[PDB]
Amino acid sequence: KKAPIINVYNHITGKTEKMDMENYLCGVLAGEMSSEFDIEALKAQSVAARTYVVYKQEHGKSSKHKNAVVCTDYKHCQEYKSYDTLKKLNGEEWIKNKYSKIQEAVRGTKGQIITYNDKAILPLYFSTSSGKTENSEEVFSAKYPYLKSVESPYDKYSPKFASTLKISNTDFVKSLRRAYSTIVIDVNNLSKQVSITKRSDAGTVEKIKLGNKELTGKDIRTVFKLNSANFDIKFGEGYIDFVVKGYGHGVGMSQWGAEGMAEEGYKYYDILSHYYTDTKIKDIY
């Protein structure tokens, strides 16, 4: 049969809209990747995005949006940019010359999903790793045979591979106190009170001690708007520097990694089987 119609929760308007898969995936790709990425990277992303929807259909309904399979918020499911949005933001020439490449990538992989033992997988993906992807359980909760840590040697060419942020000691404690009212921390000798308790081999900070509090790397990323939870802290006179690696949760497929592999000659099946361990590709329509 033809492309299914899905229920998408638009987090901005607050309404559930019906959309055709293909048209929806064009919007996902437009927001997740640049039209300037290699066709093989875009194709890999389109398969993951499609697989994400299929995976959610087969599993339990979400707490956030129970009437919708996926939503338009990259913080919950994946990014989305409608045709009108992109038209007003980029123009008619862009739609005809660049967006066309996105549509071609989506139709290029029509009905294709990533599978583990013939079922659709949870195809998590993110911008840039630190050099290795993360095992699902070390970042989230559960262990999956296909979300394992693998090398990602082209990530170092990403503009988002490294970043640093300086925060005064004062603002460091002020931000923590505003977010955690029970925190007992002193602006002097932060180096004696702040320390990383547990970190994965890939580098995601799982636990970090701040005074009397134990937070996760994600918690820190959130409070200070860092690109990732893979960071180290260096204490200076009057400030702290966060030295961050990568951008995004680090599990599954690296978008800049895929771009790097594609630039080196790899095709979308090999990109997808490299990041999603022991998987295959299946055409469901």
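All residue numbers refer to positions in the sequence shown, first residue = 1.
56-64 and 235-243 differ in mean CA B-factor, and the higher of the two is recorded for 56-64. The stretch 92-100 shows the higher mean C-alpha B-factor when 92-100 is compared against 197-205 in the entry.
Comparing the listed residues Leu86, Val106, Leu165, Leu124, the entry records the largest Cα B-factor for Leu86.
As recorded in the PDB entry, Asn189 shows the highest C-alpha B-factor of the residues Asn189, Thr133, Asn169, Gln112. Sorting the modelled residues of the chain by their CA temperature factor places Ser175 in the middle third. Among the modelled residues of its chain, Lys160 has a C-alpha B-factor that falls in the lowest third according to the deposited record. Ranked against the other modelled residues of its chain, the C-alpha B-factor of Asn117 as given in the entry falls in the highest third. Remark: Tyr146 belongs to the middle third of its chain, ranked by C-alpha B-factor as recorded. Among the modelled residues of its chain, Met253 has a C-alpha B-factor that falls in the lowest third according to the deposited record.
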